[PDB]
Amino acid sequence: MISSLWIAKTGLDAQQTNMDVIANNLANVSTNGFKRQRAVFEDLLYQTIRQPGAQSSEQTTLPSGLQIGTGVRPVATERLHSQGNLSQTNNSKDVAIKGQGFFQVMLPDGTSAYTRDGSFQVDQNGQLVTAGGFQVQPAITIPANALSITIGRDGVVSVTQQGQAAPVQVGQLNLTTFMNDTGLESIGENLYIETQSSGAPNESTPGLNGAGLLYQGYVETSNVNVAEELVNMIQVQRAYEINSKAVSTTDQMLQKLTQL
Amino acid sequence: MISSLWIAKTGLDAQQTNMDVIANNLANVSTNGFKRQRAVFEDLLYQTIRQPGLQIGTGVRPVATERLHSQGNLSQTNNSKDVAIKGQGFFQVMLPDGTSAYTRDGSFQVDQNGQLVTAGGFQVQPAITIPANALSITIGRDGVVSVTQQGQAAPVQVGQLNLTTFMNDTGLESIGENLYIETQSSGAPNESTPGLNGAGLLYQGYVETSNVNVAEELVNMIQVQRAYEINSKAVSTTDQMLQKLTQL
Amino acid sequence: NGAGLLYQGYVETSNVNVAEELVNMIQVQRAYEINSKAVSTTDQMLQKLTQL
Amino acid sequence: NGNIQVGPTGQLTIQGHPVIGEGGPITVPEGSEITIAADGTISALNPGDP
Amino acid sequence: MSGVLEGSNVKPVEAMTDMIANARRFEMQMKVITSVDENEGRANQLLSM
Numbered sequence: 051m052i053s054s055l056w057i058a059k060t061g062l063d064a065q066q067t068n069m070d071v072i073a074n075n076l077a078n079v080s081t082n083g084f085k086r087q088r089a090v091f092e093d094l095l096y097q098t099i100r101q102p103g104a105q106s107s108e109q110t111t112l113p114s115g116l117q118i119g120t121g122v123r124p125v126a127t128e129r130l131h132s133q134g135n136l137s138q139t140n141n142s143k144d145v146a147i148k149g150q151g152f153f154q155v156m157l158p159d160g161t162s163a164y165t166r167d168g169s170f171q172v173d174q175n176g177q178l179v180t181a182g183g184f185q186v187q188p189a190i191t192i193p194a195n196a197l198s199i200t201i202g203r204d205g206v207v208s209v210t211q212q213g214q215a216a217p218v219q220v221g222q223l224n225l226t227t228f229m230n231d232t233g234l235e236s237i238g239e240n241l242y243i244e245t246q247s248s249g250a251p252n253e254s255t256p257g258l259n260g261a262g263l264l265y266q267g268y269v270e271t272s273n274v275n276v277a278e279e280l281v282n283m284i285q286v287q288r289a290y291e292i293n294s295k296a297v298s299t300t301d302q303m304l305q306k307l308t309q310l
Numbered sequence: 005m006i007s008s009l010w011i012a013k014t015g016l017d018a019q020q021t022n023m024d025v026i027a028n029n030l031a032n033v034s035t036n037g038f039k040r041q042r043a044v045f046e047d048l049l050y051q052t053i054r055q056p057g058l059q060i061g062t063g064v065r066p067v068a069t070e071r072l073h074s075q076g077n078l079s080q081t082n083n084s085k086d087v088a089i090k091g092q093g094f095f096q097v098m099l100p101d102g103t104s105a106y107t108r109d110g111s112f113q114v115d116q117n118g119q120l121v122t123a124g125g126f127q128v129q130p131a132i133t134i135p136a137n138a139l140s141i142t143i144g145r146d147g148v149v150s151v152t153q154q155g156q157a158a159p160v161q162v163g164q165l166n167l168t169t170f171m172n173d174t175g176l177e178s179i180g181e182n183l184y185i186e187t188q189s190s191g192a193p194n195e196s197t198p199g200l201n202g203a204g205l206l207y208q209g210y211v212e213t214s215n216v217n218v219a220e221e222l223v224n225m226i227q228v229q230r231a232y233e234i235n236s237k238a239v240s241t242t243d244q245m246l247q248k249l250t251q252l
Numbered sequence: 008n009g010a011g012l013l014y015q016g017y018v019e020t021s022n023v024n025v026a027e028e029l030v031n032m033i034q035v036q037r038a039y040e041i042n043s044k045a046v047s048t049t050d051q052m053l054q055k056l057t058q059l
Numbered sequence: 047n048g049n050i051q052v053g054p055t056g057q058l059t060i061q062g063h064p065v066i067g068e069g070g071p072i073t074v075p076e077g078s079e080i081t082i083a084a085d086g087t088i089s090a091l092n093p094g095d096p
Numbered sequence: 007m008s009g010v011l012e013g014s015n016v017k018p019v020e021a022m023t024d025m026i027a028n029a030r031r032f033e034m035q036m037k038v039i040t041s042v043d044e045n046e047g048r049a050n051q052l053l054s055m
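See the structure below:
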């Protein structure tokens, strides 16, 4: 009902959104292949009133007129695509990416998403799938009586059979790289779908063109730095308290205006 | 009698309507799958006075409340019978009289003869008949409800949970107990499997919480209180002016 | 051409200033009373005239 | 009475009387954010332009 | 417009001014009547002798 109250509402909304970003980063600390988010804010409208630059006194201009502004709006949340710390779990099926690549996965509805989480499983038919049951591309198939699975640093997959001293290559694990990795739309389940702001999927085997190198037995942990999150808690709390103080002051002013 | 009493009375009634909407939003902060309401105010007719150019207003009147159909947060219930919706879609539930309503509250139970029903006891269609000796009920992402039985090493398919999608989600009639009925402004209920044709996915063990943001409601309460005080002051001023007029 | 831009998800609020209207309500009431005194004074002037 | 209004075609009128400047009645570029200085200088900003 | 009822358009200011003016006009007319009657009876004496 009054301008200062709307501006303080926008400020409260921005600080709340910062709190959601912090909480989302914290809840996914243990998530493998997670990237922390950071929100960016911009200024809202600026009422012109006295125009800065308009000529007063015929030969003297007016510098810096009344640019009364409105509150704040968050521009967007950008993910920090940096290399998370590698953790050794000693498993034949965990694959960790050390560079800037993505695994390609086919959703059963027909389209393809992209994931960085490398904890892979085997279905009843022998295909390499994600822990959510989504079949990784390409459809690397593992034989029935496998004794050991070796995923090399170039993405080649070998299976050691009984009675064969030489491993047999059963597939080739590729990495997908994009022009802009922040433009991928996160749909949950550690899955990204390609958008028009993220360019087009560039297939590359691991080691060339930039795709990273695949480590076996390692998992890429989340890059969330938690002490920074606590310091951000302290601010996101004071700033919210101060905006609420502004709301209270405007409320008192309106109350005295009403009471007279 | 021509006076400004009615103009401020409409303002008081509009602030009352806004406060009712805010109170309804706050009271349903614990309901699962609740969409917050926002009342839209848009002024009354204008009276034009002709010169030998000017228009005087009449007040303000509520037009229509809109329900915000954004995807609410999920809460973990640890019950195998509860399913939440990721995306836009509605569960279809059959009322006793025969007409089918549409709900988003995913807290379901199994009634005395099998059958999946909502918390109010109304059956969820299609008829999904759970066997008695079921050991674990699994509802897939695409709405396939499979049931495990002791012995058999493979789950048994029982039913499909279809989602009904409306092209205009806001126009559904809220009948009361967490149920919507289709209306002329939200016609053509499109039945689909979850995951295709724009239908949402299903998360088992989670329920969709309410959409009510708290800060907006509190600051809006502050604004409603102060505007109500302002309109009351205007009413008092008109009263005093009329009192001064009558004493002549 | 000279038109405005669109901010999706935001609604423009009213331009009314509450400090502007409440001060005006005070003067309108007082200007209303001072005019009513003119009617009362004119009536008293006419009332004595008919009584003579 | 300094309540100046802008006509549809850009004429400055006070209470329907066209205001007169140094060169006569004023013609304002149709549609413009008029700013008056401390001595009466009129500056017109056309929408859309810088 | 549906959901609104329109009231009367009687203006009270005009009504009050009309009542005051009507009272003051009635009193003046009473004064004129009194003067005319008094004149007639003064002049009715001219018929004697």
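Protein chains in written order, with the working numbering: chain Z, 51 to 310; chain F, 5 to 252; chain L, 8 to 59; chain V, 47 to 96; chain B, 7 to 55.
Beta carbons: idealized from backbone N, C-alpha and C, even for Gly.
DSSP bridge partner residues for residue i (one or two, in chain order)
i	result
residue 71 of chain V	V:66
residue 169 of chain Z	Z:144
residue 47 of chain F	F:64
residue 245 of chain F	According to DSSP, residue 245 of chain F bridges with nothing at all.
residue 163 of chain F	F:149
residue 92 of chain F	F:203
residue 98 of chain F	F:104, F:127
residue 132 of chain F	Answer is none; residue 132 of chain F lacks a bridge partner.
Span of the beta strand (DSSP E) around residue i
i	result
residue 162 of chain Z	162–165
residue 4 of chain F	For residue 4 of chain F there is no data in the structure shown, the boundaries of chain F being 5 and 252.
residue 118 of chain F	118–122
residue 91 of chain V	88–91
residue 80 of chain F	78–80
residue 31 of chain V	Lying before the first or after the last residue shown, residue 31 of chain V is absent from chain V, which here runs from 47 to 96.
residue 108 of chain Z	Premise fails: residue 108 of chain Z is in no beta strand (DSSP E) and is neither H nor E.
residue 79 of chain V	79–82
residue 52 of chain V	50–52
Run of the alpha helix (DSSP H) containing residue i, from where it starts to where it stops
i	result
residue 53 of chain Z	53–77
residue 18 of chain B	18–49
Inter-residue Cα distance where the pair is residue i and residue j
i	j	result
residue 42 of chain L	residue 32 of chain B	25 Å
residue 74 of chain F	residue 223 of chain F	21 Å
residue 55 of chain B	residue 48 of chain B	15 Å
residue 13 of chain B	residue 179 of chain F	34 Å
residue 57 of chain L	residue 52 of chain Z	56 Å
residue 251 of chain Z	residue 72 of chain Z	30 Å
residue 148 of chain F	residue 164 of chain F	5 Å
residue 50 of chain B	residue 23 of chain B	41 Å
residue 72 of chain F	residue 82 of chain Z	34 Å
residue 203 of chain Z	residue 86 of chain Z	27 Å
residue 190 of chain Z	residue 184 of chain Z	13 Å
residue 103 of chain Z	residue 88 of chain V	12 Å
residue 162 of chain Z	residue 246 of chain Z	15 Å
residue 218 of chain Z	residue 194 of chain Z	13 Å
residue 229 of chain Z	residue 152 of chain Z	12 Å
Close beta carbons around residue i, own chain, < 7 Å, minus the five adjacent residues each side
i	result
residue 192 of chain Z	172, 176, 178, 199, 209, 220
residue 196 of chain F	166, 167, 169, 203
residue 39 of chain B	none
residue 50 of chain V	58, 60, 65
residue 201 of chain Z	145, 207, 223, 264, 266
Contacting residues, own chain, Cβ-Cβ under 8 Å from residue i (five flanking each side not counted)
i	result
residue 136 of chain Z	146, 148, 265, 268, 269, 270, 271
residue 259 of chain Z	227, 252
residue 86 of chain F	110, 111, 112, 208, 209, 210, 211
residue 99 of chain F	105, 126, 183
Contacts around residue i, its chain only, beta-carbon distance under 6 Å, and the 5 residues preceding and following it disregarded
i	result
residue 12 of chain F	235, 238, 239
residue 30 of chain F	221
residue 67 of chain F	44, 46
Report the residue ranges of all beta strand (DSSP E) runs contained in full by the stretch 241–295 of chain Z; include only those spanning at least 3 residues, in chain order.
Counting only runs of 3 or more, we get 252–254, 264–266, 268–270.
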